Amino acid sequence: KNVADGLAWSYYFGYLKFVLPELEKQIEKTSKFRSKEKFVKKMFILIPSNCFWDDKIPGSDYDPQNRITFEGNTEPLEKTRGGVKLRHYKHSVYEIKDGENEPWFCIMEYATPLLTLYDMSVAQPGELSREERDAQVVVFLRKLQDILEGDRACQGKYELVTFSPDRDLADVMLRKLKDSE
């Protein structure tokens, strides 16, 4: 009985399933983004092991060297779920310094369902202990992997990024951007 399973299926069907196949095309709608080299087009989904964040990524405790900068948003994608509610999905583009080289552009986002794990652990510790929360993060990670890997339209469109609150996200992102296709 894993609360993370529902969190992963809902993250997919209520969001990723339709934003991931279109992400590259949405990005391509902006001339600046068409012109930019070193712009990896995958959604980097951030999964901090403590299920927590409280600020903008640039200059945050995860960016101690201040190497991450908000660049702008992608062109909104429209989607209608249920038949009644029109929703607009857009993503934040960040610039990540690469020493004296050309800086990278990338798409980064926290996995928002992790806030529920965090909220649960604080408001209902009897339901989710700290150690049970740690474990549900892993369950969440593995299930989301299975779901996304089972969808051919999502192949190559994302990368899950797990890290400890002590890690430097700029360092983590630089390695993942360099290793991207």
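Residues carry their position along the shown sequence, with the first being 1.
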property	result
Segment of higher mean CA temperature factor, 108-116 or 51-59	51-59
Average Cα temperature factor in the PDB entry - higher stretch of 130-138, 60-68	60-68
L86 - Cα temperature factor, lowest/middle/highest third of chain	highest
Among modelled residues of the same chain, the CA temperature factor third for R152	highest
Entry-reported Cα temperature factor of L7, expressed as the chain third it lands in	lowest
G14 by Cα B-factor - lowest, middle or highest third of the modelled chain	lowest
